[PDB]
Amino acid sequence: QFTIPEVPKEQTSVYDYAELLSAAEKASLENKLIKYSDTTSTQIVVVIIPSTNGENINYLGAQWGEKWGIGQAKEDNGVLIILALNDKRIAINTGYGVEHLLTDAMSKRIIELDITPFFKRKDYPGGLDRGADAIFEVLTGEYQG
């Protein structure tokens, strides 16, 4: 099906396989995801790949989250943001533990209203950064949409 790579030695929470981020943007986003994950008792990760190679992005993200055990040390409170850069598609995959707040509707809303407007303005790193903030808002009962 999907070829998911190995879990790297350095699990920094941001995995950029599409050469998108500057080193400083990557380090800032890693810090943000780690702090949000800590305070919300979740495991939030960002994966950027060139393409899904024709596969469904939501099913790829689910396979990726399962393979890497995202949220396994946090009672299935995993959140995976997966961007297929060349495909211009993004998905948010959630473990069973956070799905009640971060529903498919809320994840779709974050993609539509929080992330995609940055991508339309040619600000892909900015869209990922706002996506992390919007996920934190949903997890903490502060989302306004």
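Each residue number is its position in the shown sequence, starting from 1.
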- prompt: Mean C-alpha B factor from the entry: is it higher for 62-70 or for 41-49?
  reply: 62-70
74-82 set against 94-102, stretch whose average Cα temperature factor tops the other in the entry: 94-102
query: Among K120, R89, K26, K35, where is the Cα temperature factor highest, going by the PDB entry?
result: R89
query: According to the PDB entry, is the CA B factor of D129 in the bottom, middle or top third of its chain, that is, lowest, middle or highest?
result: lowest
- prompt: What third of its chain, lowest, middle or highest, does the C-alpha temperature factor of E137 fall into?
  reply: lowest
